[PDB]
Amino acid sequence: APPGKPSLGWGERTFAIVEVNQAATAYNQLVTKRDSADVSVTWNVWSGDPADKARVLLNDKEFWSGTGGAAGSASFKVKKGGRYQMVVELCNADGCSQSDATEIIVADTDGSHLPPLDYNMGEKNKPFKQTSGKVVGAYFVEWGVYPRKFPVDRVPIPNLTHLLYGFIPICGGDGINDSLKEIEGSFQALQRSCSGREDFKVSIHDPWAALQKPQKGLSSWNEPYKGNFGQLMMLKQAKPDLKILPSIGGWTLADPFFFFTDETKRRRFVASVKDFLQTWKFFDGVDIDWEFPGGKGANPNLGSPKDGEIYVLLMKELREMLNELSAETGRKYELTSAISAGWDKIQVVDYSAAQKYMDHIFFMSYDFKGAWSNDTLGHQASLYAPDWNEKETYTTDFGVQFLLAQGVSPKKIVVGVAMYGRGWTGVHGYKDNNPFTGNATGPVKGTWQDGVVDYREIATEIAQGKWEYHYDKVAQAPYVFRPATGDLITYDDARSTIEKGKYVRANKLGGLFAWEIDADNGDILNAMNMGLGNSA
């Protein structure tokens, strides 16, 4: 004669270890990290013999015990997220009885409550297997879910080992993040994101795109995590070994790095990163995109020769931080950084000193030339120098050799590929039918910006005969040219991308990475995988 079978009371069935306010605009009002969720359950007895023991089991394992054998309740902590079958069990001296199972969702930022990502193999992407052991990385931009319409589910995830999230901002007002002011709405949007947040703490630039914007599979208005971050959790469920790293900085967010002479602000930043990864568990480490140590970044007023020493100090403490984060969670975290490929920036830092803490170096072998100059035309990401200027120092090969001369192990170096074109208009005064020898009247009309074109657009317009295509065989670089108007764009295509893969294998380098994933029609990432030796 066991107790009567209990019946569970109607109540909340979704609980969050990490709470997310779906309508907040300040970061500290947006998320609240906790070590566990507080799950509650009620039940009704009908036989009314105050049984000696009640229990609450989730997937047949005990999470709580108490003596509520007369229509009672229970609260208890659940520290690991997921979908749980909840059952209430009552016992007397004769035996036990168990209520019907109801499902509860204990959400956490590792995606343990979500199904795998339903990703698209769209356009010209074709599937590969990561067999080479080489790094195949790409940047996913936070603002890509707006007119670009490139959510995380568009990322061809079997063709990557690393996905970099650009960007995670460091918070500060006038004097700390003035590079943002050259983009309308951005500086103020960062101020809104950090209303009441300590300066030099990490944050989220766009909380709407990151966590609140409805996306594929994450639209129900009580979904704890939506936006890019929620999809990234489902990405982790799809390919658990794909590394997802937050990219702190970029071109317009690197200014707060220069104030890290003050160790007080460096400890605050490093500590905020630890709390950031505990809060957002789907990230597998940290990518530091200080652009650049010593200066010559977006802001012409910061930079110092001392920055090289502090760049190593930052890597040291971040690594120690990740090591004690490993001691808590048992996971392996990665420390990477996107660094300049120009020698005048490399020499600012002794990378042989920083490399002991770093897993990979994301060598930005692009942006060598651009529409920021009407006179200095050239290849933006070529492998070698062109014959018309053999002593060109801003090449992939020259940068790699300069970095190797510092004593950097070849395995840590990951070569950059440009999924975009930088270009000019009105190129005139050129000789030898070489448009690079002339000058420009301004930037080329671009996809989302003056002087920047998506490769997808370059490829489409080439098929439609709108461009006169050329390949610099010596420098290993393609470029399109319209003679009637002076339009000239330099970029990476499948041929030059394959040549970068050969170069990485011939020199025992780490692999390839590309900016940005939403600017590719599939051809570039295809060539990255083929050029590195992966199986199709």
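A residue's number is simply how far along the shown sequence it sits, counting from 1.
Colleague: Out of 281-289 and 428-436, which stretch has the higher average CA B-factor listed in the record?
Modeller: So the stretch with the higher mean C-alpha B-factor is 428-436.
Colleague: Decide which of the stretches 259-267 and 149-157 has the higher mean C-alpha B-factor, going by the entry.
Modeller: For C-alpha atoms only, the mean B-factor is higher in 259-267.
Colleague: Could you check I244, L322, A418, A138 and tell me which one carries the biggest Cα B-factor in the deposited entry?
Modeller: The C-alpha B-factor peaks, among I244, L322, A418, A138, at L322.
Colleague: Checking the entry, which one of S132, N125, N228, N222 has the top C-alpha B factor?
Modeller: Reading the PDB entry, the winner on C-alpha B-factor is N222.
Colleague: Among the modelled residues of this chain, does the Cα B factor of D492 put it in the lowest, middle or highest third?
Modeller: As the PDB entry reports it, the C-alpha B-factor of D492 lands in the lowest third of its chain.
Colleague: Based on the deposited C-alpha B factors for this chain, I'd like to know if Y119 is in the lowest, middle or highest third.
Modeller: Its C-alpha B-factor belongs to the highest third of this chain's values.
Colleague: Is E499 in the lowest, middle or highest third of its chain when residues are ranked by C-alpha B-factor?
Modeller: Its C-alpha B-factor belongs to the lowest third of this chain's values.
Colleague: Once the chain's modelled residues are ordered by C-alpha B factor and cut into thirds, is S340 in the lowest, middle or highest one?
Modeller: According to the entry, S340 has a C-alpha B-factor in the chain's lowest third.
Colleague: Comparing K213 with the other modelled residues of its chain, is its CA B-factor in the lowest, middle or highest third?
Modeller: Its C-alpha B-factor, which the entry lists for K213, ranks in the lowest third among residues of this chain.
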